[PDB]
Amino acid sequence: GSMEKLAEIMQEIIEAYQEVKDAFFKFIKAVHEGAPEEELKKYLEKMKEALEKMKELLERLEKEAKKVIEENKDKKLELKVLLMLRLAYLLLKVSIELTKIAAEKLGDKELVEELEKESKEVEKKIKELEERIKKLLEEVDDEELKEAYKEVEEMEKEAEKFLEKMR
C-alpha cells in the first residue's frame, strides 16, 4: 500500500542523494588535484542527473503524502508523513547546495542560476513544512515523533554547518 510506497520512494530519494554525494566528493577530490575538466564535468553531470531524479521523486513523495493525509485525517500519521517529507527536502536541499558548489567551481553560471532557484524553492517548502509540523506537535502525544522532529532539526543544522565548510 501507500505507506510502503512512501518508504519505497524515500529509499529512492536517499539513493539519489547518495549519488549526488558520491559525485560531489569525487568532484572535490578531482578539482583539488587539478583533474581535467571533462572528468569534473562528468561528475557535475552526474550530480545534475541525480538531482533531476530526486526532484521527480519528491513530486511523487509529495503527491503520495497528500493522498495518505486527508484520506486518513489522522494527526499522528500526518505528522509522521510530514516529517518524512521534511527529511526528503533536507536531502534535496543538501544535494542542490552540493551541486551548486561544484557548478560554481567549474564556472557553470547557468546551472548555478537554476540551482539558485531550486534552493529557494526547497527552502520555501521546508518552511511551509516546519509550520505544519509545529502545529501537529501540539496535537500529537507521541514523544517518539517529537524526538524524530528534534533529530531532523539537528540534521539540518549539521547539514548547514557541513555546507558552509564545503564552500
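Residue positions are given as counts along the sequence shown, with the first one as 1.
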*On average, which has the higher Cα B-factor in the deposited entry, 124-132 or 22-30?*
124-132
_I need to verify one thing: averaged over C-alpha atoms only, is the B-factor higher for 13-21 or for 154-162?_
154-162
*From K73, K80, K93, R86, residue of greatest CA B-factor*: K73
*Largest Cα B-factor, entry values, listed residues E104, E113, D142, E45*: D142
*Taking the values exactly as deposited, rank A65 by C-alpha B-factor within its chain and report the matching third: lowest, middle or highest.*
middle
*Grab the CA temperature factor for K109 from the record and place it in the lowest, middle or highest third of its chain.*
highest
